[PDB]
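Residue strings, one per chain:
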Amino acid sequence: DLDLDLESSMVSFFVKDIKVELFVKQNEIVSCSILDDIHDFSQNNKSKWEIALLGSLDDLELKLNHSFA
Amino acid sequence: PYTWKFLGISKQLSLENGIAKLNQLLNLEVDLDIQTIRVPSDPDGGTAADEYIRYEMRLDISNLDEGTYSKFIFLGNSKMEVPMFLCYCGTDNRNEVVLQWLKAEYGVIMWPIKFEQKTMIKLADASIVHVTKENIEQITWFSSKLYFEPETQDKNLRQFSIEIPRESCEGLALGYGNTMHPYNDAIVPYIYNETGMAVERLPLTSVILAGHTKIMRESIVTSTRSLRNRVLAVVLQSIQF
Amino acid sequence: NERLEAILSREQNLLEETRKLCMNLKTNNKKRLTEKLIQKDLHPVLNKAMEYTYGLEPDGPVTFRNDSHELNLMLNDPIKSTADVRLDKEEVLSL
Amino acid sequence: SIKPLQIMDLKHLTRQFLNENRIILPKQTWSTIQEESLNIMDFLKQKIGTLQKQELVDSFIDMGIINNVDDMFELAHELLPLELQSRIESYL
Amino acid sequence: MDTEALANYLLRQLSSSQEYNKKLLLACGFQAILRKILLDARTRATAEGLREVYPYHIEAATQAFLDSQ
Amino acid sequence: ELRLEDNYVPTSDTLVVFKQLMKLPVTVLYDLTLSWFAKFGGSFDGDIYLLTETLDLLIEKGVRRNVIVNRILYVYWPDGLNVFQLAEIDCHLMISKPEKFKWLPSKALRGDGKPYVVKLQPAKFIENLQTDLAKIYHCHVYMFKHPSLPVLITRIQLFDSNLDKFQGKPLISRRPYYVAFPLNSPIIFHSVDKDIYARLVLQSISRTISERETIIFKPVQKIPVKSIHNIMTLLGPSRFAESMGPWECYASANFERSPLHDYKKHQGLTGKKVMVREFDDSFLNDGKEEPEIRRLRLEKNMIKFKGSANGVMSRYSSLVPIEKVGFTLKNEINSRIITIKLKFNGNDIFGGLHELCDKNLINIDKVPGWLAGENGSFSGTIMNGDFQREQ
Amino acid sequence: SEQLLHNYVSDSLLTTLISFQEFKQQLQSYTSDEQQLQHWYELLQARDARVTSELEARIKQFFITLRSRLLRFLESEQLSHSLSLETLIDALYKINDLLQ
Amino acid sequence: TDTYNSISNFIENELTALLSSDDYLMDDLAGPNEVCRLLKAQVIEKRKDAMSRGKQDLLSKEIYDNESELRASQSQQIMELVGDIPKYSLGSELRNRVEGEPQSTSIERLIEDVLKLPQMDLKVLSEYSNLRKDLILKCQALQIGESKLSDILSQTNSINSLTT
DNA sequence: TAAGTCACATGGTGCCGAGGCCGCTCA
DNA sequence: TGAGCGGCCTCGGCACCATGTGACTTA
């Protein structure tokens, strides 16, 4: 379950339980934030995921389905 | 701030006789003044039977405020259906004694005067035309303010006012042309053309001339100590049948 | 009271610095217009840009801002650098 | 608190005196006289602690308010209802 | 709030019929003090010309009154 | 350290809190009690499930709200309510009674002059605002989202310092300052207050929103309007903004359908029923007119003042009631600027004007756009036929 | 600054406030011997000079401790409003890794 | 901090109570009894309006005014002497990276901030300048690579269109 | 001496938060 | 029968323009 604002720019959603919230400009993600912290989850891998998740929206969908498996 | 209450009179009563009875009853001499004014001096306002009789009864004791300066002004014309009205300022309790004596002595029927919307517009027209000692009429321009209190459901619109500055009023009058009734001929048609409001139909409670007078539906209050002849005449044509 | 005195002193120092920076920028822009590009070294094809920009103030950047939406245009955007540090092609090719 | 009076108590106490004799009190003056009522009560209790017959009228003569008992039950006339001033007259 | 209420205030400050009369006379004297002080306040305000009175006016008036008492 | 946490207890009058909780219904009191005891706890001893069962026994006992108010003010928290409680009850009063609050809009201009569409990271915004206002005053800020509207309403409460007054050790509260943040809109609604603390709160809010380029709040209106739903309809990020009065048909789009729709039901094929309007001056000249054309002129006034034939749905009530508007119409009659200042007052200006138009007191063929409710709740000067608002 | 403390101490010393003439004039009740009064005044001068020096020592220690503690507070405030270069270098290294 | 209570408490503990107790004890132990009582009487007599709490309060307020003047002086000295690059001269993402990340990692804001990075022992300054120049080269390579990748993507788009 | 400019001090209209009683009102 | 919300409404404090008169100057 996700929450959309009026222009669908400031969003937040859960992939499995990780709260990934995004600031997205015109058809391109310019900012990302991984919020939920698991004891197995680290911070450098979190930063690498945040850098990797940037880019286009179709690319975000493809890479998120890739990293989900 | 001298409020004038207006009362009509059913008969043409002559005040130069019998006023000694009022002097004896009130134990004081009143300063009755007799004048014969001719108000519609303009050719388009009538050229015959224009003469009025103006009585200025005054309970003169001292001159500090209206507590000792409750004036009485009477106007009359014998060539009308209703021949006389009075208007009195101040708040002295002797004024109703004067009215009771006037009734019980002359046998007149007296009723309060209420002004309609067009009557109030004509009174605002009358209260700017000033007569000069050189026998000329001068229109002194005042920044008017039409003030309405409509009654709508759920009290949706309690009140609304239309403020008209002085230079805009004279600009409207000069745009219409050389006329001697500026509000009824230039200001009110301009308001109707612009905002769509027919102010002769809307509930108009007062029109306020800044610094001179603010007439209401039942009273006229004036900064000036007296009331000019045009206002008295327009009130006299107001109560005709 | 002493803490708020320190806060006011810091804010007044910032205000004086900002006003000085604004006046310095205004005088520096005037001096840069007067001493750099209005001289004889100005390229003659920029003589018309100067005319509408400072000579009498249309056909300039308004025309391009109209055309970049009329034509959906891009150009080769400049490589953003600072402090006259020019781009090193060997460094970025090694990068 | 418990010993100081309230502002509305002073309105109800002296509102008619400021109305017959034209007095205009802003809120600062109201708070000032609310403060002053305590000082007046302390001064009155310091001057008169216990109450018996002769000492109160002697003190009120010393107060500069009155000159005799006639002034006492004339000042009580303008400050009390009719039953209370009649009772005071029976007391004096 | 009657004068008897101020007498109730005075008796609860100090805590039969003759003492009630004594306290009623005390309340009358208190009202006399307040009326005299307010009269002096208006006198000084009219001397300075102000329509209303102010705390410094009535403070000076009551200091002059307590100087004589 | 001067920031105020969510566990400090201030000195609040017990009777004011007593009459404050009287207005709330029983179910929000129930939800508040369980949430408060789950988060902070209370002086009452018991398990969270045990207290849930106790409140359950209270609600199938059908007890009045007065008894549970005395309970939560005398045994649950007898020492005093925490600041979070005092903020959350007042926010719940705002939710329950939105018509008792007036708001003032302010655009979030920035830099060159283009409006800044404000976006909030709520927890970080609250933390940054509290740290910014902690340097000046003892500040506690509480933020929540409206159950119905897409806003983010904050509540900023400021605390001051403190015959012999004995001892209180208090922190006296002031009236709280509310600033409402719509999701994506430059317009910012704030509570009606012009003292130095309101200016401080708005200034700190402008300094803590920005973080990239300096932002100033410019007030777009000086007349407050009630009922936060109405100010989102007027100034919020909705279609009804900049389409009001006779142009609400465009904001509601009830007149055209999709181009993918049935073309037998198109407006141009079925047609619409109208009347010939007389352009000659005949309104001032004139009884028991035909009830079909009377319905048509009523529909004409309804269309002029509300945009729709049936309206946005007694029947004179507009989409947003307006309290005060003042228009200054200026014309040029032969090189003379002629100004007319029309001021209005009431509970619904344009509904009352619609009622006056229905009573044949105002000509509906000559009532202008700005009088009809176009650019509603904005007061300004009409020069050259164009309405520019005041500042 | 410390001159005010020195004046406050010296203005309330028995020898500075009471002279030997006033000492003998007051103490005529018990002994009229001038030698014993002189010896007692010498003991008074010795003891009040000693405690004057000791009060001066403690007020100097108090002033230095107060100034040092409040100066460390000022230094901590200035460091809080300032930025060390090494943390900036570490942040730039992290940013360099991100850009890499 | 609380300097004023420390000053006032130090005065009222070590300055007046200690003085009174020490004077009483030393006058008692100087020998004798009547001598001490009498001398205490006149030294109390002439110290009137000098040991009162108003005098200690005024002394504490005056020494506080002197110390506050010294605070203004050393505050100007400590604010005019800066050691490194201060705040508000660098971007917000840099400032957030300095004191704990806010989880908002954005490439574009980082590029915009380190493009505005200021430039200046000697080895630390040289390392900072080298790192800043390296980051400027990183930004330049990033924009060049992005524009190049867009061009190659357009070429591959046309090639795949022809192939399909 | 008639008319004009001036600040000045009081008059007054509009506005609003606080709070009280009313006015049904419903269980 | 009894608690209870909502329009009313007035108190009064504030805000602002409006206003009449003495002091002073001009002719």
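Rules used in this analysis
- All residue numbers given refer to positions from 1 along each chain's written sequence rather than to the entry's numbering, and residues for which no coordinates exist are omitted.
- All chains are assigned letters beginning with A, and all ligands numbers beginning with 1, in the order in which they are written.
- The displayed chains are a subset of a larger assembly; all values refer to this subset.
- Note that water and hydrogens are dropped before the side-chain values are worked out from all heavy atoms of the structure.
- Residues with missing side-chain atoms are left out of burial classes, side-chain pairs and their counts.
- UniProt positions are given in the numbering used here, feature names are shortened, and annotations may be inferred rather than shown by experiment.
- Only DSSP runs of H or I with at least four residues qualify as helices, and only runs of E with at least two residues qualify as strands; both kinds are numbered from the N terminus onward.
- The reference for a compact globule is 2.2 Å times residues^0.38; the radius of gyration itself is calculated from the C-alpha atoms.
- Only protein chains enter the accessibility calculation, which uses a 1.4 Å probe; a residue whose area is less than 20% of its type maximum is buried, one above 50% is exposed, and one in between is partly exposed.
- In this description, contact between two residues means that some pair of their heavy atoms is separated by no more than 4.5 Å.
- In these tables, accessible area is a Shrake-Rupley quantity obtained with a 1.4 Å probe, and a residue counts as shielded only by the protein chains included in the view.
- Working convention for charge: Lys and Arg count positive, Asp and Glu count negative, and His plus the chain ends are omitted.
- Where a charge lies is defined by one atom per residue type: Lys uses NZ, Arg uses CZ, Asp uses CG and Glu uses CD.
- Points on a 1 Å grid over protein atoms alone make up a cavity when a 1.4 Å probe fits among them but cannot get out, and a pocket when they form an open set with protein on both sides within 12 Å along at least five of seven lines; lining residues each have an atom within 4 Å of a point.
- Grid points are joined across faces, edges and corners, and a volume is the space filled by probe spheres set on the points.
- A quick way to say it: buried area is the sum, across both parts, of accessible area lost when two parts are put together, with a 1.4 Å probe.
- The working definition used for a salt bridge is a side-chain nitrogen of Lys or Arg within 4 Å of a carboxyl oxygen of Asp or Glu.
- Under the scheme applied here, ten amino acids are nonpolar (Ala, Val, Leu, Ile, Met, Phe, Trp, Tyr, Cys and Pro), four are charged (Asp, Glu, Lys and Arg), and all others, including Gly, are polar.
- Distances are taken per atom, and a residue is near a molecule or strand as soon as one of its heavy atoms is within 4 Å of it.
- The term polar contact refers here to a pair of N or O atoms within 3.5 Å; inside protein, the definition further demands a hydrogen-donor-capable atom paired with an acceptor-capable atom, and it admits residues adjacent in sequence only when both atoms are side-chain atoms.
- Like-charged residues within 9 Å of one another, or nonpolar side chains (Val, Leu, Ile, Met, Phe, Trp, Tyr) within 5 Å, are grouped into patches, provided each residue has over 30% relative accessible area and no salt bridge.
- For helices, the fitted axis covers only the stretch in contact; all axes are lines through C-alpha atoms, and the angles between them, taken along N-to-C directions, range from 0 to 180 degrees.
- Orientation labels follow simple angle bins: below 35 degrees gives roughly parallel, above 145 gives roughly antiparallel, 65 to 115 gives roughly perpendicular, and whatever is left gives oblique.
- Handedness of a crossing follows from how the near helix is turned relative to the far one, being left-handed for an anticlockwise turn of less than a right angle and right-handed for a clockwise one.

Looking at the entry header, you'll see cryo-EM listed as the method and 3.4 Å as the resolution.

Listed as the entry title in the PDB record is "Cryo-EM structure of CBF1-CCAN bound topologically to centromeric DNA".

Quoted verbatim from the Subunit (literature references left out) field of UniProt, the annotation for chain B is "Forms a heterodimer with IML3. CHL4-IML3 is part of a larger constitutive centromere-associated network (CCAN) (also known as central kinetochore CTF19 complex in yeast), which is composed of at least AME1, CHL4, CNN1, CTF3, CTF19, IML3, MCM16, MCM21, MCM22, MHF1, MHF2, MIF2, NKP1, NKP2, OKP1 and WIP1. Interacts with CHL4 and CTF19." UniProt lists a comment for chain B under the heading Sequence similarities, and it reads "Belongs to the CENP-L/IML3 family."

Moving on, we get to the overall build of chain B. A tally of regular secondary structure across chain B gives six helices and 13 strands. A compact globule built from 241 residues should have a C-alpha radius of gyration of about 18 Å, and chain B, at 19 Å, falls within 12% of that. For chain B, the spread of C-alpha atoms along the principal axes amounts to about 60 × 50 × 35 Å. Burial status across chain B gives 50% buried among its 241 residues. In chain B, of all internal contacts separated by at least 6 residues, the share reaching a separation of at least 24 is 64%. Looking at chain B as shown, the accessible area adds up to about 11,200 Å², and 47% of this sits on carbon and sulfur atoms. Each charge sign in chain B was given a centre, from 24 positive and 30 negative side chains, and these centres are 3 Å apart.

Okay, the overall build of chain D next. In terms of helices and strands, chain D carries six helices and zero strands. The helix and strand sequence of chain D, counted from the amino end, reads α-α-α-α-α-α. A compact globule built from 92 residues should have a C-alpha radius of gyration of about 12 Å, whereas chain D, at 15 Å, is more than 25% larger. With respect to the three principal axes, the spread of C-alpha positions in chain D is 40 × 30 × 25 Å. Within the span of chain D, comprising 92 residues, buried residues form 45% of the whole. In chain D, the proportion of contacts linking residues at least 24 apart, taken out of those at least 6 apart, comes to 31%. The centroid of the 9 positive side-chain charges in chain D is displaced by 10 Å from the centroid of its 14 negative side-chain charges.

With that settled, the discussion passes to the layout of surface pockets. In this structure, the second largest pocket encloses a volume near 1,900 Å³. A:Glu28, H:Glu108, H:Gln143, H:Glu146 and H:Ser147 are, among the 38 residues lining the second largest pocket, the residues nearest its centre. Contributions of two or more residues to the lining of the second largest pocket are made by β3 (28-34), α1 (44-52), β4 (55-56) and α2 (57-68) of chain A, α3 (61-70) of chain C together with α5 (107-115) and α6 (122-163) of chain H. Broken down by element, the lining of the second largest pocket gets its largest block of residues, eleven residues, from α6(H).

A few words on the interface of chain H and chain A. Size of an interface: often given as the accessible area lost when the parts come together. Each partner contributes residues to the interface: chain H has seven residues there, and chain A has eleven residues. A per-residue breakdown of the area chain H buries against chain A is headed by H:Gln103, H:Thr105 and H:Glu108, which together make up 69% of the total. The interface formed by chain H and chain A holds zero salt bridges in total. Of the residues in the side of chain H that touches chain A, the class split is one nonpolar, four polar and two charged.

Right, let's talk about the protein's contact with DNA strand J for a bit. Taken together, B:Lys155, B:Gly211, B:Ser223, D:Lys27, F:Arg64, F:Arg65 and F:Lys97 are the residues near DNA strand J. Interatomic distance of 3.1 Å between a backbone N/O atom of B:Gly211 and a phosphate oxygen of DNA strand J. Here the residues of the surface near DNA strand J sort into no nonpolar, two polar and five charged.

To continue, consider a positive patch on the surface. A contiguous patch of positive charge on the surface is contributed by B:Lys155, B:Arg158, F:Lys324 and F:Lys343. For B:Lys155, a relative accessible area of 58% puts it in the exposed group.

Our next topic: the pattern of salt bridges. In the structure shown here, the tally under the stated rule is 35 salt bridges over all chains. Between F:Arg155 and F:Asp90 there is a salt bridge whose closest N-O contact spans 3.7 Å. Of this pair, F:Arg155 sits in strand β3 (residues 151-159) while F:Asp90 sits in helix α5 (residues 83-96); the two residues are 65 residues apart in sequence, bridging distant segments of the chain. Judged by its relative accessible area of 10%, F:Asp90 is buried. Here H:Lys48 makes a salt bridge to H:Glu45, at a shortest N to O gap of 3.3 Å.

So, on to the protein's contact with DNA strand I. By nearness alone, every residue bordering DNA strand I is listed as B:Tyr147, E:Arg51, F:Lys102, F:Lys324 and F:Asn345. F:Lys102 places a polar side-chain atom, nitrogen or oxygen, 2.5 Å from a phosphate oxygen of DNA strand I. One of the side-chain N or O atoms of F:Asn345 is found 2.8 Å from a phosphate oxygen in DNA strand I. Broken down by class, the residue content of the surface near DNA strand I amounts to one nonpolar, one polar and three charged.

Taken together, the contacts link 57 residues of chain H with 44 residues of chain G. Per element, the largest residue contribution to the side of chain H that touches chain G is 13 residues, and it comes from helix α1 (residues 3-28) of chain H. Per-class residue counts for the side of chain H that touches chain G are 34 nonpolar, eight polar and 15 charged.

Moving on: a negative patch on the surface. Taken together, A:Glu28, H:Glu108, H:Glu112 and H:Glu146 make up a surface patch of like negative charges. By the secondary structure assignment, A:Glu28 is in strand β3. For A:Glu28, a relative accessible area of 38% corresponds to the partly exposed category.

Residue and element names in this part refer to chain E. Within the secondary structure, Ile37 sits in helix α2 (residues 17-48). Classification of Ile37 by relative accessible area gives buried; the value is 6%. Separated by 24 residues in sequence, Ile37 and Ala61 have C-alpha atoms that sit 6.6 Å apart. Beyond its immediate sequence surroundings of up to four residues, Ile37 is in contact with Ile58, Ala61, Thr62 and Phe65.

This part is about the packing of helix α2 (residues 26-39) of chain F against helix α4 (residues 65-76) of chain F. When two helices pack together, their arrangement is given by the angle between the helix axes and the distance between those axes. All names here are of chain F. Running from amino to carboxyl end, α2 crosses α4 at an angle of 25 degrees, the nearest separation of the two axes being 10 Å. Comparing their axes, α4 and α2 come out roughly parallel. Handedness of the α2/α4 crossing: left-handed. For the pair α2 and α4, the contacting residues are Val26, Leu29 and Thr33 in the first and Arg65, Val69 and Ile72 in the second. Of the residues in the contact of α2 with α4, the class split is four nonpolar, one polar and one charged.

Another aspect to go through is the packing of helix α6 (residues 122-133) of chain F against helix α7 (residues 196-210) of chain F. All names here are of chain F. Running from N to C, α6 and α7 point in directions that differ by 130 degrees, and their axes come no closer than 9 Å. Put simply, α6 runs oblique to α7. α6 and α7 meet at a crossing whose hand is right-handed. Only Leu200, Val201, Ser204, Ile205, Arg207, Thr208 and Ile209 of α7 make contact with α6, whose side of the interface consists of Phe125, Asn128, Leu129, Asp132 and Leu133.

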